[PDB]
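Pasting a structure below so you can have a look.
What's counted below: heavy atoms across the whole structure, side chains too, no hydrogens, waters or symmetry copies. Chain identifiers are assigned alphabetically (A, B, ...) following the order of the sequence lines, protein sequences preceding nucleic acid strands; residue numbering begins at 1 within each chain.
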Amino acid sequence: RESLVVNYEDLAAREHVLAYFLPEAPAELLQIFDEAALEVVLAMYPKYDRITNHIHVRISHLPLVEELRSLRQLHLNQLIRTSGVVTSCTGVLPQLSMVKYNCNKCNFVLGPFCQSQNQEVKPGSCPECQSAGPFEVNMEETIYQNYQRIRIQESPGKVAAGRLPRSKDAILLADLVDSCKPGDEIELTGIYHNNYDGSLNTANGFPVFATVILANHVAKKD
Amino acid sequence: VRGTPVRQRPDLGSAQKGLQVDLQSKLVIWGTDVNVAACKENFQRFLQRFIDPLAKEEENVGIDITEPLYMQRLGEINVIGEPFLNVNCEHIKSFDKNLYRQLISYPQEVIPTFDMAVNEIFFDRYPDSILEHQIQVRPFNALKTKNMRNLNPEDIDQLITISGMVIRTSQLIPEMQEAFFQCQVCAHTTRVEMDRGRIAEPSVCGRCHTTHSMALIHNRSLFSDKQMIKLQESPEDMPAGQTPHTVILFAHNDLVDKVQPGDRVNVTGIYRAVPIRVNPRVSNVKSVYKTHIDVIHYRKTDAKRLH
Amino acid sequence: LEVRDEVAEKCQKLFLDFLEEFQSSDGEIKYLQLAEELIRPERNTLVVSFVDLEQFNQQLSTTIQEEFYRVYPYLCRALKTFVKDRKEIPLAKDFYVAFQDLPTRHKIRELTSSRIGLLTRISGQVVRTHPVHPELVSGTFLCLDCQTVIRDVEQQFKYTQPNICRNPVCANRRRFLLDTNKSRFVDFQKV
Ligand SMILES: [Zn+2]
Ligand SMILES: [Zn+2]
Ligand SMILES: [Zn+2]
């Protein structure tokens with residue numbers, strides 16, 4: 001399954017320092033937890049390295065539940081828990097994870113670079129010919145992680161008075177994909193992302209940032 | 001073989017592919033007719049069954065005439081400890097003309113087979129001897145080339161013997177033989193031996209898998225010795241109008257500093273033609289090649305001079 | 001995991017023991033008394049007798065003689081620790097180990113390639129002596145493609161730039177900028 005579900009209540013009860021740090025710097029804490037969980041899983045099943053070589057630690061039962069209308073710049077780069085209704089959901093898309101590049105000047109293969117979720121990974125020079133010239137993605141040598149984009153809007157029941165339902169975009173990565181369908185009522189825990197490529201720098205208007213949520217744990221309500 | 005290291009022989013030049021071709025649709029080397037197996041067997045036969053009939057005790061000192069000459073030479077080698085066996089190309093010619101011709105025309109291939117044969121014999125016998133390296137066979141006394149400027153290009157890369165006077169000898173040139181690379185990240189070390197005159201650098205660490213982190217440490221490598229001998233040829237066939245000839249020789253790892261200026265020698269070595277770069281800083285080479293001799297054997301003995 | 005040169009580290013430990021235990025006829029620590037003088041500036045070499053080394057530990061002396069080049073930096077670090085744990089020499093100061101009284105002497109004609117990298121002693125007549133220039137022993141370069149600092153790259157008797165930028169996604173192998181104020185130098189003369 002590649003995913004280990006940690007209860008935030010249990011984590012807080014046992015080690016409160018980790019619980020307090022998790023909602024403040026979730027990216028580093030999640031990476032550390034993934035590494036530690038991979039170490040423990042390999043210790044238990046040393047043969048399991050050939051299946052996944054990576055363990056995703058899904059947090060659960062976060063105390064504070066924020067509704068989409070209450071997400072502000074304060075909650076940027078933090079682990080948040082919200083509830084909503086999946087309105088649209090793209091197919092499963094192969095996103096680059098460890099990308100190898102072909103240098104189409106000498107055919108060398110620039111080795112794997114971790115494709116982060118913020119910026120495109122643009123190699124520098126080819127180590128052999130030192131040519132910064134054009135590169136291509138070697139799709140045979142590359143390894144991809146499943147990618148899905150969903151939209152979740154405030155549930156009509158929760159929407160009150162004459163206010164419109166606010167919607168947000170969420171990103172599912174290689175284990176949360178196909179965990180929801182359009183119309184499903186879900187609870188989503190993830191990082192309130194801000195900085196990938198969206199700042200409206202095209203002078204089209206004011207310098208606002210299109211925010212997305214990197215889903216860390218999805219719990220359907222049924 | 002007794003596990004003793006097989007020393008590389010720069011005097012034979014950079015190795016080749018050693019490609020083998022079957023002459024039927026027997027198993028010669030590409031471009032030659034040496035048949036390493038047959039050559040090695042024939043050389044073992046020569047080494048174990050050669051008796052010089054018209055030899056003289058004065059000519060051969062410390063050698064039992066009736067007993068096989070080169071077997072006695074191997075005994076001397078075992079006694080002393082110098083793994084060099086000097087073999088007479090005239091003896092080879094007398095024993096088997098075809099073997100002599102093959103040695104002359106294909107030295108870089110035939111000689112290592114002779115090394116293998118000699119080591120096999122010498123370790124089948126004297127099985128407990130200790131030597132810093134395997135035996136190296138040095139042929140000499142090839143059919144004398146009267147004038148070195150009668151050599152045509154069809155005589156390139158083959159064994160010849162010339163007589164000359166040593167005019168100059170250069171300092172020692174350290175020739176690399178085994179590059180020692182070390183990673184600058186994890187300090188993992190590897191060694192790459194000369195393939196064909198080129199050292200294929202690691203380009204990626206075998207320990208941390210970092211690319212182009214392996215730096216070549218120069219003073220932790222294995223080096224050879226080379227010397228340049230400027231020798232004024234002393235031909236005995238001098239045609240009308242021809243002037244004195246100066247030739248370049250290269251000595252490798254044991255013949256270095258074995259001849260001083262003023263010494264008259266008979267040098268046996270490989271006639272090598274090499275390209276010349278138009279500039280020191282470019283890889284273009286003139287279509288005309290300059291020749292030089294890679295020395296295999298010095299001979300300081302002459303019948304018409306003192307000692 | 002920064003592969004260890006076990007032979008060299010063993011040599012370093014043995015040489016430090018030799019420094020801190022070896023004694024003269026009087027019975028005191030002669031090399032402690034000598035290293036007492038290394039604290040002063042413009043004084044960064046300790047002279048050690050190969051005879052004393054051989055007496056104290058024949059195996060250590062033979063190892064040093066037969067692998068002098070590879071082990072020499074470790075001997076220098078051993079001397080640095082020996083001086084530091086006694087006195088308050090500047091942290092950045094380097095120390096060198098000179099050897100003398102080597103029993104055997106070779107000839108410049110006998111200085112073949114087989115003698116490369118291993119301790120030797122020769123006799124010569126000085127023809128001319130060049131001036132005293134600072135020499136680069138280890139420089140810290142800056143990458144001109146990503147401003148990554150590649151630190152402590154050794155110089156092998158030649159101006160050597162980093163073979164590759166540390167940044168995995170940057171294959172800069174040409175455009176480096178030496179940082180003189182961060183590099184270390186040693187006195188140098190060619191005679
Ligand atoms: Zn390239
Ligand atoms: Zn490495
Ligand atoms: Zn760089």
(request) Could you grab the distance from atom CD1 of B/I173 to atom OG of C/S113, nearest 0.5 Å is fine? (result) 11.5 Å
(request) Sort C/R166 into side chain, backbone, both or neither according to what part of it lies under 4.5 angstrom from a heavy atom of chain B. (result) neither
(message) Counting only heavy atoms from other residues, nucleotides and ligands, does the tally under 6.0 Å from CD of C/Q33 exceed 12?
(response) no
(request) Looking only at non-hydrogen atoms, find the nearest pair between C/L111 and B/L172 and report the distance. (result) O-CD2, 4.3 Å
(message) Looking at C/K182, I want to see if its NZ is surrounded by more than 12 non-hydrogen atoms of other residues, nucleotides or ligands under 6.0 Å.
(response) no
(message) Please find the pair of heavy atoms, one from C/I116 and one from B/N219, that lie closest to each other, and give the distance.
(response) CG2-O, 4.1 Å
(request) Taking the side chain as every heavy atom from C-beta outward, state whether B/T211 and C/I164 have any atom pair closer than 4.5 Å. (result) no
(request) Among B/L216, B/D225, B/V185, B/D257, single out the residue with the greatest number of heavy-atom pairs under 4.5 Å to chain C. (result) B/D225
(message) Could you check whether atom NZ of C/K87 has more than 12 heavy atoms from other residues, nucleotides or ligands sitting under 6.0 Å from it?
(response) yes
(request) Taking C/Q156 for its side chain and B/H218 for its backbone only, find out whether a donor-acceptor pair lies under 3.5 Å. (result) yes
(request) Would you indicate whether the side-chain heavy atoms of B/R207 and C/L1 approach each other to under 4.5 Å? (result) yes
(message) Distance check, rounded to the nearest 0.5 Å: C/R70 atom CZ versus B/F180 atom CZ?
(response) 7.0 Å
(request) Check C/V3 against B/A187 and note the closest heavy-atom contact, atom names and distance. (result) O-CB, 3.6 Å
(request) State, yes or no, whether a side-chain contact exists between C/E154 and B/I217 at a heavy-atom distance under 4.5 Å. (result) yes
(message) Please classify the contact between C/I150 and chain B as side chain, backbone, both or neither, with a heavy-atom cut-off of under 4.5 Å.
(response) neither
(message) Need one label for B/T189: side chain, backbone, both or neither, based on atoms under 4.5 Å from any heavy atom in chain C.
(response) neither
